[PDB]
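These protein sequence lines map, in sequence, to chains A and A'. A prime marks a further copy of an entry chain.
Take any residue in the first sequence, count from 1 to its spot, add 210: that is its number in the entry's author numbering.
Take any residue in the second sequence, count from 1 to its spot, add 210: that is its number in the entry's author numbering.
Where a beta carbon is used, it is the ideal one built from N, C-alpha and C, also for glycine.
Data first, discussion second: the structure below is written as structure tokens.
There are 2 protein chains.
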Amino acid sequence: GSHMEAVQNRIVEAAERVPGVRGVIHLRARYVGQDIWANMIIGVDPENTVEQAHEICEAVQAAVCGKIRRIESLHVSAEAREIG
Amino acid sequence: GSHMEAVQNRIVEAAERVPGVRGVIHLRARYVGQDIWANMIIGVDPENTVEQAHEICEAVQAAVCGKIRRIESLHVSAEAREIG
């Protein structure tokens, strides 16, 4: 794949290892100049409250931002997902 | 304020009228070229499940995208919020 597909795969790999993540559903990653701006949607269990799902999102943010360089902006949201 | 503050205020106004929204907590809006890319975090009640909060987010997306021109990318997430 392209450079950006390789970057996308590394971001997904970092996120999918976080407890409570049921896969990465979507990732929009773009270079704006020399920095990445990314929007991620993760799957979580339906049983989560909104706060519990947000805490998973925050753990994903911390994981991705800690591992993946050059990201200027990351926004992570969750959808209930019944498969993985 | 600036042009972008006026744009931000219109986006917030569109979102905050959607049932179940407990204010707009955050909005990052930027021009990338001639288009707006926006990340929004809304407050919702803590009692929401993740799916219920996601449905509010989707209603916000539809409302903002339907009313506000020039947005190329909008990502809306929710946080539990005990005040409004």
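*Alpha carbon to alpha carbon, what distance is there between A':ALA269 and A':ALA224?*
Here residue 224 of chain A' refers to the residue found at position 14 of the second sequence. Here residue 269 of chain A' refers to the residue found at position 59 of the second sequence. The C-alpha of A':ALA269 is placed about 11 Å away from the C-alpha of A':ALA224.
*Determine the extent of the alpha helix (DSSP H) in which A:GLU289 is found, giving its start and end residues.*
For this step, residue 289 of chain A is matched to residue 79 along the first sequence. That residue, A:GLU289, is in no alpha helix (DSSP H); its beta strand (DSSP E) goes 281-290.
*Enumerate in chain order the residues of its own chain whose CB-to-CB distance from A':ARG240 is below 6 Å, with the five nearest sequence positions on each side excluded.*
Here residue 240 of chain A' refers to the residue found at position 30 of the second sequence. The answer, listed in chain order, is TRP247.
*Distance, A':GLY253 Cα to A:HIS236 Cα*: Numbered from 1 along the first sequence, position 26 holds the residue referred to as residue 236 of chain A. Numbered from 1 along the second sequence, position 43 holds the residue referred to as residue 253 of chain A'. The straight-line gap from Cα to Cα measures roughly 22 Å.
*asked:* Would A:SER212 pass as an interface residue toward chain A' - the criterion being a Cβ-Cβ separation below 8 Å?
replied: Here residue 212 of chain A is taken as the residue at index 2 of the first sequence, counted from 1. By the rule that beta-carbons nearer than 8 Å mark a contact, A:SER212 does not touch chain A'.
*Could one say the Cβ of A':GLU289 lies closer than 8 Å to chain A's Cβ atoms, at least one of them?*
Walking along the second sequence from the start, residue 289 of chain A' turns up at place 79. Yes, A':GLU289 lies at the interface with chain A (some Cβ there is under 8 Å from its Cβ).
*Buried versus exposed call for A:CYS267 [16 or more other C-beta atoms within 10 Å across all chains shown]*: Along the first sequence, read from residue 1 onward, the residue named residue 267 of chain A stands at position 57. Looking at its Cβ environment, which holds 16 or more other Cβ atoms inside 10 Å, A:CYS267 is buried.
_Three-state secondary structure assigned by DSSP to A':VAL228_ = Indexing the second sequence from 1 puts residue 228 of chain A' at position 18. The three-state secondary structure of A':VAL228, taken from DSSP, is coil.
*Is A:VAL286 closer than 8 Å to A:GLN271 when the C-beta atoms are compared?*
Position 61 of the first sequence, counting from 1, holds the residue named residue 271 of chain A. Position 76 of the first sequence, counting from 1, holds the residue named residue 286 of chain A. Their beta carbons are under 8 Å apart, which means A:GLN271 touches A:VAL286 by this criterion.
*Neighbour-count burial assignment, A':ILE293, 16 or more Cβ in a 10 Å radius*: Counting from one through the second sequence, the residue named residue 293 of chain A' turns up at place 83. A':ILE293 is classed as exposed because its beta carbon has fewer than 16 other beta carbons within 10 Å across all chains shown.
*Could you tell me which residues DSSP puts in a beta bridge with A:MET214?*
What you label residue 214 of chain A is simply residue 4 of the first sequence in a count that begins at 1. Beta-bridge pairing links A:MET214 to no other residue.
*asked:* I'd like to know whether the C-beta atoms of A':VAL260 and A:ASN249 end up nearer to each other than 8 Å.
replied: Locating residue 260 of chain A' in the second sequence gives position 50, where the first residue counts as 1. Locating residue 249 of chain A in the first sequence gives position 39, where the first residue counts as 1. In this structure, A:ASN249 does not lie closer than 8 Å to A':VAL260 by Cβ.
*Quick one: give me the first and last residue of the beta strand (DSSP E) that A':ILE246 is part of.*
Walking along the second sequence from the start, residue 246 of chain A' turns up at place 36. Counting along the chain, the beta strand (DSSP E) containing A':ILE246 begins and ends at 245-254.
*Relative to chain A, which residues along the segment 268-288 of chain A' have a C-beta separation below 8 Å, given in chain order?*
Residues of the segment 268-288 of chain A' that bring their beta carbon within less than 8 Å of a beta carbon in chain A comprise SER283, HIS285, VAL286, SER287, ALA288, in sequence order.
_Taking the beta strand (DSSP E) that A:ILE235 belongs to, which residues open and close that run?_
Residue 235 of chain A sits at position 25 when you count from the first residue of the first sequence. If you look at A:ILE235, you'll find it in the beta strand (DSSP E) that goes 234-242.
*Listing by chain order, which chain A' residues have their CB less than 7 Å from the CB of A:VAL242?*
On the first sequence, residue 242 of chain A is found 32 positions in, with the first residue counted as 1. Those are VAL242, listed as they occur along chain A'.
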